[PDB]
Amino acid sequence: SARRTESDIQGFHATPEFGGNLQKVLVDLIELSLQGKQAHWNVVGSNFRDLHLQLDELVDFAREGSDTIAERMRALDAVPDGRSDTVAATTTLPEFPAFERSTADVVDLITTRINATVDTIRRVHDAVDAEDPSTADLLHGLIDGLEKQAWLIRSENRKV
Amino acid sequence: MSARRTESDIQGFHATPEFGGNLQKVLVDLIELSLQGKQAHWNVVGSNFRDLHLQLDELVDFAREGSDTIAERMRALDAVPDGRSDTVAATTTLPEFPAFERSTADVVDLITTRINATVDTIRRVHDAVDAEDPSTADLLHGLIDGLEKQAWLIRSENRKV
Amino acid sequence: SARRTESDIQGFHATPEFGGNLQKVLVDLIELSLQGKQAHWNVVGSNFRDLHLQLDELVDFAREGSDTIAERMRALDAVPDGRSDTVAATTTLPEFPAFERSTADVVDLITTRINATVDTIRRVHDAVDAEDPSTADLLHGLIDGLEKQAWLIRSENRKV
Amino acid sequence: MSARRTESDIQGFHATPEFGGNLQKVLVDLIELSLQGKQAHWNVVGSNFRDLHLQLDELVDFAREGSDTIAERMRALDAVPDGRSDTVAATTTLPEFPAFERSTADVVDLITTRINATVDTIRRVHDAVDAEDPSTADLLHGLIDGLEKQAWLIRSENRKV
Amino acid sequence: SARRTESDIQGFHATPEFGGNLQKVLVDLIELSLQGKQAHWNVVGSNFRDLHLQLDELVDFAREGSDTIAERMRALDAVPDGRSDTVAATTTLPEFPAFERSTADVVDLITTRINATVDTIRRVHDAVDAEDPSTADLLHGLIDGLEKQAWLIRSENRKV
Amino acid sequence: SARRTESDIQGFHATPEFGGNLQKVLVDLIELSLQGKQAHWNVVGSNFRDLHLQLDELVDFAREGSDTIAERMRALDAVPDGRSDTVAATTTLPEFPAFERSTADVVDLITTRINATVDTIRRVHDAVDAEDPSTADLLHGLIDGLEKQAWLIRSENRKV
Amino acid sequence: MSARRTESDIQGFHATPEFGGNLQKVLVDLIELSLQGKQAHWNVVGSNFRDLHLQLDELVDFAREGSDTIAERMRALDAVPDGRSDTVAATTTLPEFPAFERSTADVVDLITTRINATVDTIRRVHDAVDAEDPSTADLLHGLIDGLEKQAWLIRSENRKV
Amino acid sequence: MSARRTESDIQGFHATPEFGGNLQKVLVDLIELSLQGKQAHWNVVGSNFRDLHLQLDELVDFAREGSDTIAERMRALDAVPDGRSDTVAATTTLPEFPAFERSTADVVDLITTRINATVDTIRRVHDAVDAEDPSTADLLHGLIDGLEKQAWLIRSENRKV
Amino acid sequence: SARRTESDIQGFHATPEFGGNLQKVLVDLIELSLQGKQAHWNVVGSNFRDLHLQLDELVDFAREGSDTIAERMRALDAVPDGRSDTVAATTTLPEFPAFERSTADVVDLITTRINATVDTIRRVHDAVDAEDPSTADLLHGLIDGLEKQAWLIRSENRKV
Amino acid sequence: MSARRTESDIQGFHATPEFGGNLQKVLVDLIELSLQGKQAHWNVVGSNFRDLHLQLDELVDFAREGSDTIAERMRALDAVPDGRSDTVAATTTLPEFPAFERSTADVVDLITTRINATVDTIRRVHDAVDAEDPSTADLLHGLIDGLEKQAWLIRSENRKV
Amino acid sequence: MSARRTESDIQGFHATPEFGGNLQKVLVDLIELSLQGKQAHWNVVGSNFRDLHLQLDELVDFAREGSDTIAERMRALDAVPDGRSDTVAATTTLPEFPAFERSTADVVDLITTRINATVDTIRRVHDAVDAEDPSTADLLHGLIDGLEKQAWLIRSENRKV
Amino acid sequence: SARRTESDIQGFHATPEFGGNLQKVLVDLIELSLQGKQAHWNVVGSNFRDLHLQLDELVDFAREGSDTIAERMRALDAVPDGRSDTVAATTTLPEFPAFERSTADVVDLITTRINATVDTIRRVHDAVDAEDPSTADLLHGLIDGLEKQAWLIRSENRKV
Ligand SMILES: [Cl-]
Ligand SMILES: [Cl-]
Ligand SMILES: [Cl-]
Ligand SMILES: [Cl-]
Ligand SMILES: [Fe+2]
Ligand SMILES: [Fe+2]
Ligand SMILES: [Fe+2]
Ligand SMILES: [Fe+2]
Ligand SMILES: [Fe+2]
Ligand SMILES: [Fe+2]
Ligand SMILES: [Fe+2]
Ligand SMILES: [Fe+2]
Ligand SMILES: [Fe+2]
Ligand SMILES: [Fe+2]
Ligand SMILES: [Fe+2]
Ligand SMILES: [Fe+2]
Ligand SMILES: [Fe+3]
Ligand SMILES: [Fe+3]
Ligand SMILES: [Fe+3]
Ligand SMILES: [Fe+3]
Ligand SMILES: [Fe+3]
Ligand SMILES: [Fe+3]
Ligand SMILES: [Fe+3]
Ligand SMILES: [Fe+3]
Ligand SMILES: [Fe+3]
Ligand SMILES: [Fe+3]
Ligand SMILES: [Fe+3]
Ligand SMILES: [Fe+3]
Ligand SMILES: [Mg+2]
Ligand SMILES: [Mg+2]
Ligand SMILES: [Mg+2]
Ligand SMILES: [Mg+2]
């Protein structure tokens, strides 16, 4: 009686611009995870262990995040690209340096990397929100989680 | 010194009748989706039976958690949900699920359509809900995200090349 | 040597009468679950919380039950119908009333609803047992579980 | 005052030789089903491999718990189970599982047939078991229910339309 | 619609005889639990640890059993009596001795008392089944579990 | 490559007004937690157990909430103050009474104080959302959870 | 071997007959409380049934753990517990629990009284127990604390302020 | 009914006003410590931030469990706790925690001092509490042991050897 | 740039001789599991319970082992045969005797059965290692686990 | 009396540059496999979508645990891993995963090929690794076993008859 | 700041050298017991091997937790534990455990004796420990209770009644 | 049938030299565990908490290791000696100092003693592998785990 009578009800399709905006988030989340592991392995020095552990927590969050974004793309029939060549070619994050790095350096480097990742999400936010408020909520989760990680990591170098 | 309020009776946020009706719309479609999800779960047969059988239960779990969330949000805001079978049948916007066994391919299309319809209800009421109460719109976002994920996980069986 | 040599050994098929008997159980278990949730949301008053919680436990049991019955039907190649229209059209349970209801009223209403559900199972029991003793065991589980729920709920209103 | 019994030696329920033999029949078919279930689990290939691979392990787990239940029920009732490979091979009623790889479609039919055969043994001994010991028949009901569920979950892959 | 009319649908209630039969099972399960704990504490000698542990498993099973029976009585409008005076005065189990007892003696004593408990259940079974098959299924679980315990305990003393 | 150049990419920092708004939410969440525990310990009378338990769930939620807000302040370079003197001097919640209180009185008192807490969050919401939508999502979780608690608590005193 | 004792047989701390007697007093009242708690758990009816039904089981769990603790502490100290039904009935200090269904109000009063009697036993033996073995007194403190908490959680139902 | 008491009303152990006062002293300092611990948890910055951030939460968890333990022990003994913000601020013996971000070195020293003040309160009331109720003294021992462990785990950061 | 350009890269194929060597391990692991259960059911006498329990742990290990070996065969495109007829026809283990057996006898019998199973693994070891060192590691796990079980079981009969 | 060593500085095992390079080779292929595994996980569509979607995540989990193991083994032995995106892309031996959606059948072949390639790298460096450090070769064996199992579980979808 | 102390540095409770010495005595015997327990765990042979093998590990678990508890209690009170092998061997009061395989009967007697020696140490220092710090005496009570339980569970094997 | 004839199939037994080699590993693992606990309790100073925690993880690993080796000895008919006098008299580890020690000193000391322990295992490895490859796999696990611990501990003191 209130039942719709069409047999093919279509779902919400993301525009290609929307898809491209999420793609920007995706490559930076993947880059951050790869850099996070690099730092996790190669960090040395005063308070090694805390940083080693916190960096894995960052990587866990970024990996869950990239999965969330890529699957949101798929849900809206966009198609993610998380391949190494694409990530390296299109990430906005400054390159992580080679070799062992002191804990103090890793703190500063990773804080910058996180901040760059958050900047990407904040940059695409309003365009994403305008087309799909539900996706913007996922972006909010990422902003909150990553900014927490930035605070947890950077506080090591804070002098008061 | 003190910023303490003096009132002994402080009231909670009360939903408008329109707001209540909008959440009721979401509720009946979520319950209907749960019932149809179980029907499909029992009655699907054919190529890749098991995957769909399993995925349908995850859909049902999500839709059930969703309807409890919406109904309780109604209660929180002094609205009164109606999830009785007669009301659900008489007021759901979902096309009826067909009777008896259905092929995996058919169940995929059928259930995808019914998730799409459920999501459409939530998207239709979204702006009016968000305008009155942003906190409730957030619950709607969770439902939209979770259901559209289910739709992707189910529908992809039938997507070719 | 004791191995059977037929390549197609058929399983036990339920008669359509058997299927129909389980269908009767199924719609009442589903109706009970829907009514149980209605009560769980709309119950108000003295000892709200206990009833709110106990009603969810009832719903959990009834939902597990309806799954058990519908899957037993499928196991024996019967075909369940748990659709809203069928449930509303064929349930034997008295309708649950609209609106907020006091805990005392909900206690009496739900006890009656449970008792109606058990009555259906007891009514079909002997016919089910005659064709398939293994299914009757599932009915026994339902009778025991539901009658426990009736006692747990009704005891609230018992005056001694 | 006191209803206490005075006997220092109170005996337990002892199964008849016929009862023991009937449970032995159930036992060998359950073990054989477990062995064939694993064979199929390793050797299935083709369309929807993974689902069947996984479902077969659940079948094996159930059949294994079942054979331990039956064997221990025998022990409880002063009967002596024989689950040795030679006895199982020489006395099982199940058709032999074929050797080497088998297609998903073939494994579905083959295993469904072997579950049906296992259940048939339990159904054949049921009335004689129930007559002597209703508590043991209840264990049989659990096996019948659990195995017929497995048969449905496996066979539905091959059921069309 | 097939909806029933009644507002006060009543549940199945047990006969006095039925309640009395469940009461008999109840006192013997409670007695067995108390005797099980006595044995658990006071057993000494060869293979103490195994028997000490197994006896706790027996107790767990008997306590779950007593609760099951007593709650089934409640569901069916019967009233259990599990009080110490009642258990002592009405149990059919041979008295368990005081003081330390050898493992071999404990095996024999507890096996006898388990068998006594199973005997009570087997004695009331047919009258219980005839009135309410659902309750008889609970009895079957008890017979099965306790007879398993008898086997696990008595096997210690078996020769060849 | 799309890689950014900067070596010291900074994170989003909150305005003084924003930090002040989160501080307001923080003191009321801490106050509510302290009042929740007071009520939890000192409630007596009809349906004591339900209220005793529910109040602990309220406290759990409020404590998780306070930590969330305070850590969001830290992430955004604001500085929380959750000290007892500050909470007492700046909380907007009506004072909770000392001494034993009836269940009915506790229901009314705590419902009022939950509502006061939600009011603070709702009052700052638009200013918070305008500056940082990601933080507003945290506020939504709080509004949703606390308003759920108000419903679960107040329903005890509802008549018909 | 600088500080090593060279004794082949080093004996354990042994409880006096008085100490054993004192723990036996605690043991029977803990067992009686457990049995009465279950009686109440089953037969309680009326306003706030569920809360009381549930709390009474928590009481029983605690009293059962307590009795096992005391009995095994006796065993550790070469004393011999007697937790048999006849002994418990003949020697408990707890007032008898009445038969039949009892209202929640009545059960609250009854059970509070019986908990308080149990705590009184432990409090009565405490100083003698502490004088001989402080480690056992600590076990009593656990019991006192746990049981008085139970009494508060149960009795608060009947409080009018 | 051989040893059974026949009293209808058996009353529980009641704390004296002095005893209630003594537990109240412990309660406010435990609550103040929890609030200061969280303040420190949030605002600590600098070398070894994470270890301290994490340890401070463990301190808070312990102090929160402790305050609930003491308050409910008061309830059990018919005393009435007051854990309200005004009462805690007006009656705590703990030195005030400073505002703003503080270095890890400073936080270590500050928090060690505040833990030590809390332990001092418990140590000050211990003998009076033990004299009236040994079971409550045991709860104090738990608190002393747990808090002094926290002090060691925190202060060791600033140790130079 | 270092990327291989072939679209079909083949994996490592086991030789049929390798497959046959693992098949030898497989049938003995299955036979051991079947014999282990036989012993687990039929063991009686002094220290029954310990043996009953330890025998199930042996069976668990042997079942996990046979799954590991059969799946390693499949991974390398060999094809296992764990059918009852094949196991009975090709196992190297001495037959387990019928009927109840004393704990002392079961200890000696099962120790021999385990030792025979380990001997098979040790016999094929060097041929397996020569073709695939990764498979030999799985054999090492089996040798270590089974030899542990032999020690745990046999120690019961050791007189010193 | 004493077998104690006297050195205050005892060095750990240090890998040769060649050993480090060999583990680096394994590392980049494991990371590349993880990235391609996720790509396939998101982008697979068609017959038996769900099974492959799920199995691919298990592959990714294994490859991720593997790369952390190898990288940390490098660190343990004074070698320095490079898992950055540029290095992985520039030095992986895996054929590139294609862009956009791919059918289940194609994903099966593609991913199987890429696992085979990853395993080939480990098998190629194996003997040189084992010669210098047998303990590291054991870690390689785990990877070989786990990946070849994944290859079987994925590839069997496409294997016929 | 009404009741707030204004001291910048509030120091913790410090153990006397006698108290530290007393805990050190308990510590070495707990460590020795753990090492002897493992020796017995490994080398026990004969009738009822498994029960003893398993019980001995539970003993070791308890003794290891106990030693950590005592050592960290020392740390909390500004005392310094020494749990090094040389110190333990030179200062333990436990009779030496013999080398080689030992029968279950012998192990029961040996280990009971060694547990009893350990408990004796704790019992010997108890009053001095309690006099200075009642909170530490409670930790001793835990140890006494736990170890005497272990002695009962082990020694009961060799009892003939 | 391929069934073997023997009734008393014996297991692999280790040479005196092999048992002696495992004994060497055993005493150094026990010593390391005792030294690990000493360090765990007595470390003070900068980054205390991290080192305190990590040292417990080292101890856990070494204790699991000692049990593994001692039980492998038992499986192979060797007899472990883990007694305090034997460990003290035969351990190759440099003595750990008494008294409080700084974090930096503890890092250096424990790293040296871990390396000493790994050295023992590496010294006996080839003789162990030649006799029994299955035991050498257990040695590999130990080398891998301990060398991981050395890295996690020593990195604290690494400069740049
Ligand atoms: Cl699956
Ligand atoms: Cl509750
Ligand atoms: Cl940490
Ligand atoms: Cl055991
Ligand atoms: Fe929003
Ligand atoms: Fe939002
Ligand atoms: Fe029946
Ligand atoms: Fe039945
Ligand atoms: Fe049953
Ligand atoms: Fe949200
Ligand atoms: Fe104490
Ligand atoms: Fe090797
Ligand atoms: Fe190896
Ligand atoms: Fe004391
Ligand atoms: Fe204590
Ligand atoms: Fe290995
Ligand atoms: Fe995923
Ligand atoms: Fe709910
Ligand atoms: Fe289901
Ligand atoms: Fe079993
Ligand atoms: Fe119960
Ligand atoms: Fe936090
Ligand atoms: Fe016990
Ligand atoms: Fe509490
Ligand atoms: Fe498997
Ligand atoms: Fe890692
Ligand atoms: Fe520790
Ligand atoms: Fe062990
Ligand atoms: Mg209530
Ligand atoms: Mg640190
Ligand atoms: Mg599939
Ligand atoms: Mg034993």
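We name chains A, B, ... by the order of the sequence lines, and we start the count at 1 in each one.
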Open item on the list: Just so I know, are the side chains of H:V28 and H:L94 near enough to count as touching, which here means a heavy-atom distance under 4.5 Å?
Closed with: no

- [ ] Report yes or no: do F:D77 and F:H13 form a side-chain donor-acceptor pair below 3.5 Å?
- [x] no

Open item on the list: Taking the side chain as everything from C-beta on, heavy atoms only, tell me whether L:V44 gets closer than 4.5 Å to L:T103.
Closed with: no

Task: F:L142 side chain reached by F:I69 side chain, heavy atoms, under 4.5 Å - done: yes

Task: F:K24 with F:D28: basic N within carboxylate O range, under 4.0 Å - done: no

Open item on the list: Show, in sequence, the C-alpha distance, side-chain angles and deciding distance for F:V79 and F:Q23, and conclude whether the side chain to side chain contact (heavy atoms under 4.5 Å, CB included) test is met.
Closed with: CA-CA 8 Å; F:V79 182; F:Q23 176 64 27; over 6 Å; no

Task: SB check L:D108 L:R154 (cutoff 4.0 Å) - done: no

Task: Between H:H41 and H:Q36, a side-chain donor and acceptor under 3.5 Å - done: no

Task: Donor-acceptor pair, side chain of H:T92 and main chain of H:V88, under 3.5 angstrom - done: no

Open item on the list: Would H:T121 and H:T118 count as a side chain to side chain contact (heavy atoms under 4.5 Å, CB included) here? Give the steps.
Closed with: CA-CA 5 Å; H:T121 297; H:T118 309; 5.7 Å; no

Open item on the list: Under the criterion salt bridge (charged side-chain N to carboxylate O under 4.0 Å, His left out), I'd like the reasoning laid out for K:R4 against H:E32: C-alpha separation, chi angles, the key distance, then a yes or no.
Closed with: CA-CA 11 Å; K:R4 287 194 190 270; H:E32 179 67 3; 2.8 Å; yes

Open item on the list: When you compare the side chain of A:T111 with that of A:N115, does any pair of heavy atoms fall below 4.5 Å?
Closed with: yes

- [ ] Taking only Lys NZ, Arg NE, NH1 and NH2, and the carboxylate oxygens of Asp or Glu, determine whether H:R84 and H:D86 approach each other closer than 4.0 Å.
- [x] no

- [ ] With side chain to side chain contact (heavy atoms under 4.5 Å, CB included) as the test, would you mind laying out the steps for K:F13 and H:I144 before giving the verdict?
- [x] CA-CA 10 Å; K:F13 189 94; H:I144 290 164; over 6 Å; no

Open item on the list: Taking the basic N atoms (NZ, or NE/NH1/NH2) and the acidic carboxylate oxygens, is any pair closer than 4.0 Å for K:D133 and K:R73?
Closed with: yes

Open item on the list: Check this for me, if you would: do H:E148 and H:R123 make a salt bridge, where the nitrogen-to-carboxylate-oxygen distance has to be below 4.0 angstrom?
Closed with: yes

TODO: For salt bridge (charged side-chain N to carboxylate O under 4.0 Å, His left out), just list the numbers for K:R75 and L:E100, CA-CA rounded to whole Å, side-chain angles, deciding distance to a tenth of an Å, and then say yes or no.
DONE: CA-CA 10 Å; K:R75 298 303 296 125; L:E100 295 183 331; 2.9 Å; yes

TODO: Dump the intermediate steps for side chain to side chain contact (heavy atoms under 4.5 Å, CB included) on L:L152 and L:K148, then the final yes or no.
DONE: CA-CA 6 Å; L:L152 293 169; L:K148 181 179 174 169; 4.1 Å; yes

Task: Validation row: F:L26, H:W42 side chains within 4.5 angstrom (heavy atoms) - done: yes

- [ ] Examine the side chains of L:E156 and L:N47 and answer whether a donor and an acceptor come within less than 3.5 Å of each other.
- [x] yes

- [ ] With A:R158 as the cation and H:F49 as the aromatic partner, state whether NZ or CZ is under 6.0 Å from the six-membered ring centre and within 45° of the axis.
- [x] no

TODO: In plain terms, say whether H:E96 and K:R5 are close enough for a salt bridge, that is, a side-chain N and a carboxylate O under 4.0 Å apart.
DONE: no

TODO: Would you kindly check if the NZ (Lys) or CZ (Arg) of L:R113 is within the cone defined by 45 degrees around the ring axis of L:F96 and under 6.0 Å from the six-membered ring centre?
DONE: no

Task: Salt-bridge present (H:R50, L:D50; N to O < 4.0 Å) - done: no

- [ ] Evaluate the criterion side-chain hydrogen bond (donor to acceptor under 3.5 Å, both in side chains) for residue pair K:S67 and K:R64; output intermediate values, then yes/no.
- [x] CA-CA 5 Å; K:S67 60; K:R64 284 173 170 169; over 6 Å; no

Task: F:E6 atom CD, over 12 foreign heavy atoms within 6.0 Å - done: yes

Task: Min side-chain heavy-atom separation L:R101-L:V43 under 4.5 Å - done: no

Task: F:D137 (side chain) donor-acceptor with A:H140 (main chain) under 3.5 angstrom - done: no

Task: A:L29 vs A:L146 side-chain heavy atoms within contact, under 4.5 Å - done: yes

Task: Under 3.5 Å: donor-acceptor pair, side chain of F:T86, backbone of F:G82 - done: no

